[PDB]
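Sequence lines set the chain letters: A, B, ... in the order given, protein chains first and strands last, and positions in each chain run from 1. Because only heavy atoms are used, hydrogens play no part in the values below, and waters and symmetry mates are left out as well, while side chains stay in.
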Number of protein chains: 4
Amino acid sequence: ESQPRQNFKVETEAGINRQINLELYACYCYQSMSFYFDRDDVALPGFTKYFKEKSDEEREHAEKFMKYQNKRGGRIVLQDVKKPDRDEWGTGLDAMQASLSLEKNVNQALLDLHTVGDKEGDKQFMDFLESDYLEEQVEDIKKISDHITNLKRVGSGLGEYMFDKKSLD
Amino acid sequence: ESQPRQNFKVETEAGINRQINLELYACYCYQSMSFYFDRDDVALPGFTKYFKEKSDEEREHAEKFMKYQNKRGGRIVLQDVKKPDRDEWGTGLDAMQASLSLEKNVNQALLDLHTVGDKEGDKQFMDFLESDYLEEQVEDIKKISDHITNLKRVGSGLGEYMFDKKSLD
Amino acid sequence: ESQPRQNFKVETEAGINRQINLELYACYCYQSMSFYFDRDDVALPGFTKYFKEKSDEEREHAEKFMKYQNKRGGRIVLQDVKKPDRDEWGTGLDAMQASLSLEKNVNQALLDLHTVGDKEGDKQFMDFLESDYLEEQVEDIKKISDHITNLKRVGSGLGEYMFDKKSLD
Amino acid sequence: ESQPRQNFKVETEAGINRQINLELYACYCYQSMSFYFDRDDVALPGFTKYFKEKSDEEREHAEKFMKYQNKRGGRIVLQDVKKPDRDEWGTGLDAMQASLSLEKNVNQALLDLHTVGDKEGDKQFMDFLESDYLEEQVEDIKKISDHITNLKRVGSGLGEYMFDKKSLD
Ligand SMILES: [Fe+3]
Ligand SMILES: [Fe+3]
Ligand SMILES: [Fe+3]
Ligand SMILES: [Fe+3]
Ligand SMILES: [Fe+3]
Ligand SMILES: [Fe+3]
Ligand SMILES: [Fe+3]
Ligand SMILES: [Fe+3]
Ligand SMILES: [Fe+3]
């Protein structure tokens, strides 16, 4: 038994390892999205930078979980990170809708991980999840939803071009 | 009779109390408008901030009247502030037209309150109304009218999106 | 179903709407208290400013709940905000005791809303309530209690006058 | 007929001359009050400075009326300024009540002068009175009323001493 281990169950430890892989997968998806919009036949530089930043955020999420795993005395076990399910991401609206779907899947996984911690009485882990993940997911899902609404509002063509300039930094 | 009371009639005092309630109602209406545009299926952040600022202005109007009531030696009597007459405010153009209608109703109420002060010979109250309310109402009604004209000019979709970015801070 | 909605029940949504109305009611009560102490036959400027600040805080509480409602994908439904139950608030001690009673009622309502979120498994909403409301209520109830103790200690007359100068900014 | 004279009646001109004398009388009264509180058997330095400042304000009021008289093409006719009706002004509360009575008498005289301007159609004079005198009188009468309430609240002795330190600069 590792030196720090206290009130830390193997199921909670295994849940963190599977959440680490999912965060790395989201990181990979956003990285793919970012360079899709850097294609010369797509060429939307606001979308490129927006998804690059989200990719870096998801990598921070994964590493924070790795750090937490060590803090509690668990052991990181890494798996393959699967390639994203698409090579190309359509319009700015398509990519934003794919992004909402991804973020809601990540959120459900975090809520399920909270449920593991809850049944095992892992009081500190529950607060760590709420404070550093659940609140941010709620913020991001609201922001992406707003973006989707505005991408429908502006339409294709000049509208998409203007959204890229005005809504994304 | 209160210590400051001089040239201050009960009808004027009662008129101020009813104007206080109307200003609080306008405050509530703009607050509702503001958070309607913060909905994820509306998502117009310029409209949100614009109506939040107007809501704060109407609250200042109400409190200035409460302060004046005390200055003259009257007594504030508060009533329920009714919920706004709509839950949802349509397009940016619809909300701007509802706002013009509200501001003109407030202006007519102020003009009617000026008429009470005039017939009672309340010289100071008349100047207080003209200097701190009537002039501002004329400015606001002109600004909202301009906004309505431009919201018709730009049309729906990208036009509404652009107006949100360019005409509202 | 709105775009952001995830793990967000209609009972929780309805509880937030009723809490919004209660926060606006507390805002209205403190606004009434503030201008009661600005009366020329009361004339306690520390009390006036103290209750004005608390009124602004309660308005922030209401708007934060409106913002949260939108974040989760709920819909704000506003109701009449009832006028406060008193027109006049007695001595500084009476107003402070009315204020403690109000704050404890708000606190119980928040605890009841936490109970709704708990039974529905709304993990993020529970943390939002604890972090942004429950902690502040505990602080305020302790501060008001201290003020009540000191208002009894100093007595009426010069004591109330001195408390206004020394204990309220 | 003087060069600037336009829409300026002899009754309005005579009313300004009598108001000038009244402002100088108020100046003299406050000057007497100020040095009464500088007596070694009174010795309230906040009261002394407060009434000295009010005396200087009333002198400014008189001179502004003299300036206005010249602006419109009238002619200043000065009269004796009568000594104040008391040699000694009692307690701080007595002096504050005498001061409220004086200010209300000045206010009624200004309102009567406004009535002269109104019946003669002197539009500019009416606005000059409202903007530079009537508004300030309403402010001062409210402030003095507040002071009277607090002087009753604190009582005699230490209360009066504390009011002198805390409520008057
Ligand atoms: Fe993540
Ligand atoms: Fe994210
Ligand atoms: Fe207003
Ligand atoms: Fe005027
Ligand atoms: Fe307005
Ligand atoms: Fe609150
Ligand atoms: Fe509070
Ligand atoms: Fe004067
Ligand atoms: Fe004065």
Q. Do the two ring centres, one from D:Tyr133 and one from D:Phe128, sit under 6.0 Å apart?
A. yes
Between C:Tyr68 and C:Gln124, do the side chains contain an N or O donor and an N or O acceptor separated by less than 3.5 Å?
-> yes
Counting heavy-atom pairs under 4.5 angstrom with chain D, the leader among C:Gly159, C:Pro45, C:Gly157, C:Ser156 is C:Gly157
Under 4.5 Å to a heavy atom of chain C? For D:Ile148 that would be neither
Open item on the list: Assess, by modelled atom type and distance only, whether the side chains of C:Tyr30 and C:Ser99 contain a donor and an acceptor separated by less than 3.5 Å.
Closed with: yes
Answer key: most heavy-atom pairs under 4.5 Å with chain D among C:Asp38, C:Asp40, C:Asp164 is C:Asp40
Please check if the side chain of D:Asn105 supplies one atom and the backbone of D:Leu22 the other of a donor-acceptor pair under 3.5 Å. no
